[PDB]
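K.L.:
So the sequence shown is residues 50 to 364, 369 to 446, 451 to 536, counted in the entry's author numbering. Once you've had a glance at the structure underneath, I'll fire off some questions.
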Amino acid sequence: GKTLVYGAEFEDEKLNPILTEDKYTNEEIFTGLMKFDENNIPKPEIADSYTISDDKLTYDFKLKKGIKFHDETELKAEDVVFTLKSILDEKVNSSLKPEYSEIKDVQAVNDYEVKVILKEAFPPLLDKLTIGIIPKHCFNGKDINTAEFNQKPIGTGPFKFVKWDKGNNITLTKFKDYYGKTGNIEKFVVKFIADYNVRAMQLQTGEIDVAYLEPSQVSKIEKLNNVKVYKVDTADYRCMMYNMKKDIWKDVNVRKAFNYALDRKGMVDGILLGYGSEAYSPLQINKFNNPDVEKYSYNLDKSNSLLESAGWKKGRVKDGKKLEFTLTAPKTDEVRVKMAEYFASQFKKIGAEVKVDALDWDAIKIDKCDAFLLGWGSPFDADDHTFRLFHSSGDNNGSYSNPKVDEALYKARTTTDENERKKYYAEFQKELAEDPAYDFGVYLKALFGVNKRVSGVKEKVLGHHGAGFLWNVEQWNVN
Ligand SMILES: [Cl-]
Numbered sequence: 050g051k052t053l054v055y056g057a058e059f060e061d062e063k064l065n066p067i068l069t070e071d072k073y074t075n076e077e078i079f080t081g082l083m084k085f086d087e088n089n090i091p092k093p094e095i096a097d098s099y100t101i102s103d104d105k106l107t108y109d110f111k112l113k114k115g116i117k118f119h120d121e122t123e124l125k126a127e128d129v130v131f132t133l134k135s136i137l138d139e140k141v142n143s144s145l146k147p148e149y150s151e152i153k154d155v156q157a158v159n160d161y162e163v164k165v166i167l168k169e170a171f172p173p174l175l176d177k178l179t180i181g182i183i184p185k186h187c188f189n190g191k192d193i194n195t196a197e198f199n200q201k202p203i204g205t206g207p208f209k210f211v212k213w214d215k216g217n218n219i220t221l222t223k224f225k226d227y228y229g230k231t232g233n234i235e236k237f238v239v240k241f242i243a244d245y246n247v248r249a250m251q252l253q254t255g256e257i258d259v260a261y262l263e264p265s266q267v268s269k270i271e272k273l274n275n276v277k278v279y280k281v282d283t284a285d286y287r288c289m290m291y292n293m294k295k296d297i298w299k300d301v302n303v304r305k306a307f308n309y310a311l312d313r314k315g316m317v318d319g320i321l322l323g324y325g326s327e328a329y330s331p332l333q334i335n336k337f338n339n340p341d342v343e344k345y346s347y348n349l350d351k352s353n354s355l356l357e358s359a360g361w362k363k364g369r370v371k372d373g374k375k376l377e378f379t380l381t382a383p384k385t386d387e388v389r390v391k392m393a394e395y396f397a398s399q400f401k402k403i404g405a406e407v408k409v410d411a412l413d414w415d416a417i418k419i420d421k422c423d424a425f426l427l428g429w430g431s432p433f434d435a436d437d438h439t440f441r442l443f444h445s446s451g452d453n454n455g456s457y458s459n460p461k462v463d464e465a466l467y468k469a470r471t472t473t474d475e476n477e478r479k480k481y482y483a484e485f486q487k488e489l490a491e492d493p494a495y496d497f498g499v500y501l502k503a504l505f506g507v508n509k510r511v512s513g514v515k516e517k518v519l520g521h522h523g524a525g526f527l528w529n530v531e532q533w534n535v536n
């Protein structure tokens with residue numbers, strides 16, 4: 050069934066499941082021991098069975114025999130051991146290493162049976178082991194960081210790599226020997242189009258099939274007779290990072306005040322135009338969300354009635374230091390700078406002078422900024438975007458440190474009983490409400506314009522910028 054074209058707004062860096070955390074073309078070329086299903090639950094993929102011991106420290110996998118890479122080489126436990134051990138390799142220096150560092154060792158006791166040993170109990174291990182397995186033989190004479198594999202990948206996904214034109218497109222075609230049952234499309238081309246206006250016209254002409262839409266352009270793509278617009282809930286949220294290195298935020302009442310000075314629903318209508326929801330929780334869409342924590346209910350008078358007791362007064370000053378900072382917000386996510394523009398201008402009504410800076414990611418250092426507009430949230434396990442974000446620390454960049462939040466996130470990370478994992482995640486959220494690390498804003502809605510000739514799309518809670526909207530493209534149908 051011919052070709053399906055995707056107009057991606059970001060271009061891949063390396064086509065290796067390790068070294069990269071982005072859910073770009075890697076999601077169509079590689080698969081792992083597990084794979085998230087329709088309900089964002091990791092189900093066996095490359096492995097056919099697994100069982101855990103009574104301490105929960107040993108994950109006894111058993112692999113499907115005959116799994117072939119793109120080069121028609123059989124996948125064995127060597128490659129699974131190679132992929133997971135190369136993450137923890139100190140010299141490879143992967144970005145995902147702190148996310149797998151609770152693994153003691155990954156053992157191969159059989160060509161088709163892998164054993165994963167942890168340091169301590171880690172229930173969300175199967176969530177992380179959905180990482181793609183790479184062939185070990187393609188790396189012997191190379192060093193894995195600068196290997197040619199990152200230019201021509203070989204994996205076990207339903208679409209093998211074909212061609213990559215830098216700055217233009219990545220070419221894949223249907224892998225006939227793929228183990229999963231598949232739809233009818235035979236070619237998948239990912240066009241890198243950063244300007245959302247070109248994506249709209251390429252959807253209008255039909256030059257592309259799918260495109261992540263900004264909220265402002267949905268009203269026109271709606272009128273298109275050849276495009277359907279998908280509006281689906283995500284776990285992606287934006288916020289403001291309270292850099293704890295700044296004494297302006299060491300008083301918690303100042304942060305609670307700044308949280309009180311935001312019209313988040315007015316932000317849902319101003320910037321999102323209703324395609325979103327006010328943010329108050331680090332795990333709002335997660336099943337372990339605490340519905341009754343202290344949300345900061347747009348209390349303009351409480352913000353102005355917290356700074357003066359905290360010491361800040363004019364009409369802006371405490372001890373002569375004048376209450377002003379700089380809010381950093383990167384470009385190519387123009388919702389964020391519009392949020393920052395709205396953030397600073399709405400903090401003017403409480404006597405704060407903020408300088409908003411729209412900069413490029415290659416010039417921003419988050420841990421050096423007074424306040425940064427972050428973009429986090431994940432629809433998988435509650436440990437994904439919480440431990441590495443609200444701990445002494451992963452890459453917690455706001456220097457946040459709460460002793461009860463540290464323990465609450467560690468118990469839920471280490472305890473098996475999910476009903477009590479709810480308990481610890483509920484106490485962490487409650488403590489995060491009174492001791493805020495972030496100034497939460499809005500939760501986002503993924504907007505995709507899909508051509509009317511495409512079938513098979515199944516919605517679910519998505520990740521960053523719609524990461525995982527095309528999770529089942531190998532079952533989508535042309536005509
Ligand atoms: Cl970010």
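A virtual CB, placed ideally from N, CA and C, is assigned to each residue, including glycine.
Decide if the segment 517-525 is in contact with the segment 428-436; the criterion is three or more beta carbon pairs, one per stretch, under 8 Å apart.
P.N.:
Short answer: they touch.
K.L.:
Please determine, among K240, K272, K236, the residue with the shortest C-alpha to C-alpha distance to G216.
P.N.:
Answer by Cα proximity: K240.
K.L.:
Run the CB neighbour count on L322, radius 10 Å, all protein chains shown included, and call it buried at 16 or more, exposed below.
P.N.:
By the neighbour-count rule (16 or more Cβ atoms within 10 Å), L322 is not buried but exposed.
K.L.:
Is the segment 113-124 close to the segment 175-192, with three or more CB pairs under 8 Å?
P.N.:
Yes: the two stretches touch, three or more of their Cβ pairs being nearer than 8 Å.
K.L.:
Note down the Cα distance separating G325 from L501, rounded to an integer number of angstroms.
P.N.:
Approximately 5 Å, taken between the alpha carbons.
K.L.:
DSSP three-state label for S98, please.
P.N.:
Strand.
K.L.:
Can you tell me which residues fall inside 6 Å of ligand 1, judged by beta-carbon distance to its nearest heavy atom, and keep chain order?
P.N.:
Chain-ordered list of matching residues: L427, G428.
K.L.:
What residues in its chain sit with their C-beta under 8 Å from that of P66, if we drop five residues either side in the sequence?
P.N.:
Excluding sequence neighbours, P66 sits near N75, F79, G81, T132, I180, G181, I182, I183, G204.
K.L.:
So, helix, strand or coil for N353, using DSSP?
P.N.:
Here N353 sits in helix by DSSP.
K.L.:
Where does the unbroken beta strand (DSSP E) through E406 begin, and where does it stop?
P.N.:
Here the beta strand (DSSP E) through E406 covers 406-412.
K.L.:
Tell me which residues share the same chain as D128 and place their Cβ nearer than 6 Å to its Cβ, disregarding the 5 neighbours each side in the sequence.
P.N.:
The residues are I182, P184, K185.
K.L.:
Should the segment 403-415 be regarded as contacting the segment 339-355, the criterion being three or more beta carbon pairs within less than 8 Å?
P.N.:
Because the criterion of three Cβ pairs below 8 Å is met, the segment 403-415 and the segment 339-355 touch.
K.L.:
What span of residues does the beta strand (DSSP E) with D176 cover, start to end?
P.N.:
It is not in any beta strand (DSSP E) - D176 instead sits in the alpha helix (DSSP H) that spans 174-177.
K.L.:
Is the beta carbon of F198 sitting closer than 8 Å to the one on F237?
P.N.:
No, the pair does not count as a contact, with Cβ atoms beyond the cut-off.
K.L.:
In this structure, what does DSSP give as the bridge partners for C288?
P.N.:
The partner list for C288 (beta bridge, DSSP) reads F497.
K.L.:
Since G206 and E77 should fall inside the 8 Å C-beta cutoff, what is the C-beta to C-beta distance between them, to a whole number of angstroms?
P.N.:
That belief holds up - the Cβ atoms of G206 and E77 are roughly 6 Å apart, short of 8 Å.
K.L.:
Is the separation between the beta-carbon of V507 and that of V259 shorter than 8 Å?
P.N.:
Taking 8 Å as the Cβ cut-off, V507 and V259 qualify as a contacting pair.
K.L.:
Check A382 in the structure and name its three-state DSSP category.
P.N.:
DSSP places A382 in strand when its eight states are reduced to three.
K.L.:
Decide if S268 is buried, meaning its Cβ has at least 16 other Cβ atoms within 10 Å, or exposed.
P.N.:
Exposed, by the Cβ-count rule.
K.L.:
Do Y161 and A126 have their beta-carbon atoms positioned less than 8 Å apart in this structure?
P.N.:
In this structure, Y161 lies closer than 8 Å to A126 by Cβ.
K.L.:
For a test of the three-state rule: what should DSSP assign to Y347, helix, strand or coil?
P.N.:
Three-state DSSP puts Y347 in coil, outside helix and strand.
K.L.:
Hey, quick one: how far does the beta strand (DSSP E) through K92 stretch, first residue to last?
P.N.:
Note, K92: beta strand (DSSP E), 91-93.
K.L.:
In three-state DSSP terms, what is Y481?
P.N.:
Reduced to three states, the DSSP call for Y481 is helix.
K.L.:
If you reduce the DSSP assignment to three classes, tell me which class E162 lands in.
P.N.:
If DSSP states are grouped into helix, strand and coil, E162 belongs with the strands.
K.L.:
Could you check the C-alpha separation between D300 and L178 for me, to the nearest Å?
P.N.:
About 40 Å.
K.L.:
Whole angstroms is fine: what's the gap from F171's alpha carbon to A284's?
P.N.:
Looking at the two C-alpha atoms, the distance is approximately 22 Å.
K.L.:
Beta carbon of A524, beta carbon of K72: below 8 Å?
P.N.:
Yes; because the gap between Cβ atoms is below 8 Å, this pair is in contact.
K.L.:
In the DSSP assignment, find the beta strand (DSSP E) that holds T80 and state where it starts and stops.
P.N.:
Per DSSP, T80 belongs to no beta strand (DSSP E) and is neither H nor E.
K.L.:
What span of residues does the beta strand (DSSP E) with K209 cover, start to end?
P.N.:
Segment 208-214, the beta strand (DSSP E) holding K209.
K.L.:
What whole-angstrom Cβ distance do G513 and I257 have, given they're in contact under 8 Å?
P.N.:
17 Å between Cβ atoms; not a contact.
K.L.:
Give the range of the alpha helix (DSSP H) segment to which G319 is assigned.
P.N.:
Here the alpha helix (DSSP H) through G319 covers 313-319.
K.L.:
Where DSSP assigns a beta bridge to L504, which residues make up the other side?
P.N.:
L504 pairs with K280.
K.L.:
Classify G498: buried if its beta carbon has 16 or more other beta carbons within 10 angstroms, exposed otherwise.
P.N.:
Classification of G498: buried, given that the 10 Å Cβ count is 16 or more.
K.L.:
If you compare alpha carbons, which of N274, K384, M316 is closest to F396?
P.N.:
Ranking the options by Cα distance to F396, first place goes to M316.
K.L.:
Three-state secondary structure (DSSP) at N218?
P.N.:
Note: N218 maps to strand in three-state DSSP.
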